[PDB]
Amino acid sequence: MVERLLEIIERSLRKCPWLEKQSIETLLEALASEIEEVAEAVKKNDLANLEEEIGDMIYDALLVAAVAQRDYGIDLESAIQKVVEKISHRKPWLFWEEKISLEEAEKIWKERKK
Amino acid sequence: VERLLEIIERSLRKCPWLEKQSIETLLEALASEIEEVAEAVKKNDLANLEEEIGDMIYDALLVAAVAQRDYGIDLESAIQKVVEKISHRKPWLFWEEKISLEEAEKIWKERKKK
Ligand SMILES: [Mg+2]
Ligand SMILES: [Mg+2]
Ligand SMILES: [Mg+2]
Ligand SMILES: [Mg+2]
């Protein structure tokens with residue numbers, strides 16, 4: 001439940017004395033760390049742990065978002081609506097009925113990029 | 002927030018590039034965005050930070066998407082594991098009055114044992 005997680009993150013901005021002391025840098029490293037926990041769990045086909053680390057990973061990315069807002073005034077809805085513009089623009093086939101071949105998709109993508 | 006998960010779902014459905022990506026490859030894509038974030042922070046480049054923050058949430062969520070695709074992992078249960086974990090480790094987030102760093106850590110230290 002994503003909302004529950006964003007509420008959590010809101011409560012941490014407002015209340016948490018550990019979070020107050022963390023820089024985006026530090027959080028960035030926390031995130032690179034969970035990425036490693038995820039890679040290890042995939043390696044072991046450890047499904048219960050994979051599920052744990054996926055959650056850890058999303059939380060930690062979202063804590064980087066939070067402090068980007070805290071410290072740099074980055075709005076997450078803006079940051080999100082932006083990446084959605086980019087994707088939609090680059091990969092227009094996402095909104096097209098018939099699937100298209102990898103080669104078709106790339107030729108498009110090569111051109112969108114620029 | 003939601004248009005982004007619809008986007009991701011559309012990629013699971015349609016995208017011939019995403020079919021060819023493994024969670025390892027994608028973990029690595031997230032690691033690289035994290036670098037781009039660290040960089041826009043360095044340079045107090047606000048427009049770019051907003052960019053990369055977005056890139057990072059999307060890519061993180063694409064790692065989640067392939068965890069589901071390839072390993073069966075349900076994002077709602079994964080988020081729920083992490084909501085329970087934090088609620089257990091940081092009970093102060095649901096307490097009215099604030100608490101000190103020193104207080105929060107003593108607690109966290111013990112809750113970590115469970
Ligand atoms: Mg972590
Ligand atoms: Mg973890
Ligand atoms: Mg990327
Ligand atoms: Mg980027």
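Those protein sequence lines, which keep their order, are chains A and B. As numbered in the deposited numbering, the first sequence has no gaps in its residue numbers, which increase by one up to the final residue, 114. As numbered in the deposited numbering, the second sequence has no gaps in its residue numbers, which increase by one up to the final residue, 115. Every residue, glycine too, gets a C-beta built ideally from N, C-alpha and C.
At a cut-off of 7 Å between C-beta atoms, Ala68 (chain A) counts as an interface residue with respect to chain B.
Boundaries of the alpha helix (DSSP H) harbouring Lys21 (chain A): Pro17 to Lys21, taken from the DSSP string. The region 50-58 of chain A makes contact with the region 74-89 of chain B; the number of CB pairs closer than 8 Å reaches 3 or more.
Closer than 9 Å at the C-beta level to chain B, one finds these residues of the region 53-66 of chain A: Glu53, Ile54, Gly55, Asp56, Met57, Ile58, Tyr59, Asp60, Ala61, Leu62, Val64 and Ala65. Taking the CA atoms as reference points, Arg14 (chain A) sits about 13 Å from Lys21 (chain A). Per DSSP, the unbroken alpha helix (DSSP H) holding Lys82 (chain B) starts and ends at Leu76 to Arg90. The CB of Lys82 (chain A) comes closer than 8 Å to the CB of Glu51, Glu52 and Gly55 in chain B, given here in chain order. If you draw a straight line from the Cα of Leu47 (chain A) to the Cα of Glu40 (chain A), it comes to about 11 Å. With the rule of 3 Cβ pairs closer than 8 Å, the region 25-33 of chain A counts as touching the region 58-66 of chain A. Less than 7 Å divides the Cβ of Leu5 (chain B) from the Cβ of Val84 (chain A). Taking non-hydrogen atoms of ligand 4 into account, the C-beta of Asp60 (chain B) is found less than 6 Å away from none of them. At a beta-carbon threshold of 9 Å, the residues of chain B lying near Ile8 (chain A) are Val83, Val84, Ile87, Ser88, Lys91 and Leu94, ordered along the chain. One Cα belongs to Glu103 (chain B), the other to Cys16 (chain A), and the distance between them is close to 11 Å.
Assignment of alpha helix (DSSP H) within the region 28-83 of chain A, counting only whole runs of 4 or more residues, yields 47-72 in chain order. Taking a Cβ-Cβ threshold of 8 Å, the residues of chain A close to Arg11 (chain B) are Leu94 and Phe95, in chain order.
If you draw a straight line from the Cα of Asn49 (chain A) to the Cα of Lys86 (chain B), it comes to about 13 Å. With a beta-carbon spacing of about 4 Å, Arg90 (chain A) and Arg112 (chain A) fall inside the 8 Å limit used to define contacts. One Cα belongs to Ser101 (chain A), the other to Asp75 (chain B), and the distance between them is close to 28 Å. Leaving aside the five residues that flank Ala61 (chain A) on each side, the residues in its chain whose CB is nearer than 7 Å to its CB run, in chain order, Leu31. About 7 Å separates the beta carbons of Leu94 (chain A) and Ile8 (chain B), which is inside the 8 Å limit, making them a contact pair. Distance from the CA of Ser23 (chain A) to the CA of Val42 (chain B), rounded to the nearest whole angstrom, comes to 11 Å. Ligand 3 has a heavy atom closer than 6 Å to the beta-carbon of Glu34 (chain B). Contacts with chain A at 7 Å (Cβ-Cβ) include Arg4 (chain B).
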